[PDB]
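First, one chain by itself: the form deposited in one PDB entry, in structure tokens.
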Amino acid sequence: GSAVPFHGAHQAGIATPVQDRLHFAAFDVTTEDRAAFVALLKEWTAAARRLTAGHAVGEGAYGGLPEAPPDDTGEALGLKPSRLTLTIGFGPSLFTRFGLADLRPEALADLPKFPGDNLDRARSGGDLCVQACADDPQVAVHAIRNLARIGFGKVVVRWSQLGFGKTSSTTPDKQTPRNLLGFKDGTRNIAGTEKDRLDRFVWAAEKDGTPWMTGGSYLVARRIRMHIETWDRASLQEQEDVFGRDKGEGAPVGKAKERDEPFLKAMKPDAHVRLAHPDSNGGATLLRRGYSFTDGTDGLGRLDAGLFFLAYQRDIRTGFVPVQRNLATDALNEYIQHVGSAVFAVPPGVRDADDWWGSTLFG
């Protein structure tokens, strides 16, 4: 299909079909004035309604007064909506502003330091995020560029990441995508069709303790670099032993098919799948919605490439934290490094044409 509806009980871009491309941006707030910030949220919501339907923002990209700047910067003219979704989230640091300190959710927990972390503070944190997903990267970039422009004077862009998954024009919808290590990635995940599993593991409930967040979720972002040239010198057996699945079919060891359920005892004790599996973590289960990246080459000639990992969950303390803690001895650690991090509370959806992003928090 061509467009994804913007309105709902939940924000789109979480349980809705995974699009081919990502532009993720974190913003910092520069105003102290609550009223001015609320005004921005309303203007952003109006723009998002236009963008997700394939229309220009405000009065358009051309045809207005010649002596005024155009309302829309124009680089998406002639393109389709491209299944664009725009998903907003609020960082812990937002809650030190506007008198919000007592409304920070307990489920919006600060992450501990994990072994091997090497976080760049410039590419970590942020007061706000917008996740822009679409099948055409120019559609996603146009959205971020215009939201940043509307917000100028009240917010700045802290850090930005481009990503890619599959190319849907050429690649069947049911084929699992491969990551840049060459392994199928996504086999055992929560799918958007699994209503009950979403209620149990992804959406915040009223009884969880923070009423304004009912129908929202909690997001963890990790920029994870791969040591590509080291990995490529490893033997085939070493690579398969790191994961506990074979590289060609992606079946669990001792099984024949990708979707065969794993027998954890046949994998090495520090294999990634064995450590990450819910049965190893008291039942803890995540929705993964991440994207590959390749940014260029670094000063030594090496490929700057990896996984921009995104996980959604009902509570950070019972989702990402236990699972990542259990990866302390993962065989994969030799070939990766976490170099950026942030956490966000993703509010409930925009109910109808008169609602706006953050209305349950701000009133």
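Throughout, we count residues from 1 along the sequence that is shown. Shifts are known only where both forms have a C-alpha. C-alpha atoms forming the largest set that superposes within 1.5 Å between two forms make up the rigid core.
The following text describes the form deposited in another entry, which does not appear among the structures shown.
For the residues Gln138, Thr176, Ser93, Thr171, superposed on the rigid core between the shown form and the other one, a C-alpha shift of 2 angstroms or more shows up only at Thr171. In contrast to the form presented, in the other form the C-alpha positions of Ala53 and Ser168 spread farther apart by 3 Å or more.
With a change of no less than 3 Å, the CA-CA distance between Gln239 and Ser168 is smaller in the other form than in the form shown. Relative to the superposed core, just one shifted segment between the shown form and the other one, defined as three or more consecutive residues with every Cα moved by 2 Å or more, spans 164-173.
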